[PDB]
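**Q** Count the sequence shown with the entry's author numbering and you get residues 103 to 121, 125 to 141, in order. Just so you know, even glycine gets a beta-carbon here, dropped at the ideal spot from N, CA and C.
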Amino acid sequence: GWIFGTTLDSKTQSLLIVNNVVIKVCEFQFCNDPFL
Numbered sequence: 103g104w105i106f107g108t109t110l111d112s113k114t115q116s117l118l119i120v121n125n126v127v128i129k130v131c132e133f134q135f136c137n138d139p140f141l
């Protein structure tokens, strides 16, 4: 997947898409190098 935002993590609004395939627009604890 990918995380498309303009304020890094847990800031303003960060869009992401996760492959079922899940799409949501939420900023939260991305941490460093997330995993599935």
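Would you mind sorting residue 147 into buried or exposed? The rule is 16 or more other CB atoms within 10 Å of its CB.
**A** One cannot answer for residue 147 here, as it falls past the ends of the chain, which runs 103 to 141.
**Q** Between the alpha carbons of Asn121 and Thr114, how many angstroms are there, rounded?
**A** Taking the sequence shown and counting its residues from 1, one reaches residue 121 at position 19. Taking the sequence shown and counting its residues from 1, one reaches residue 114 at position 12. So the two alpha carbons sit approximately 23 Å from each other.
**Q** Going by DSSP, which residues form a beta bridge with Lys129?
**A** Along the sequence shown, one-based indexing puts residue 129 at 24. Partner(s): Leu118.
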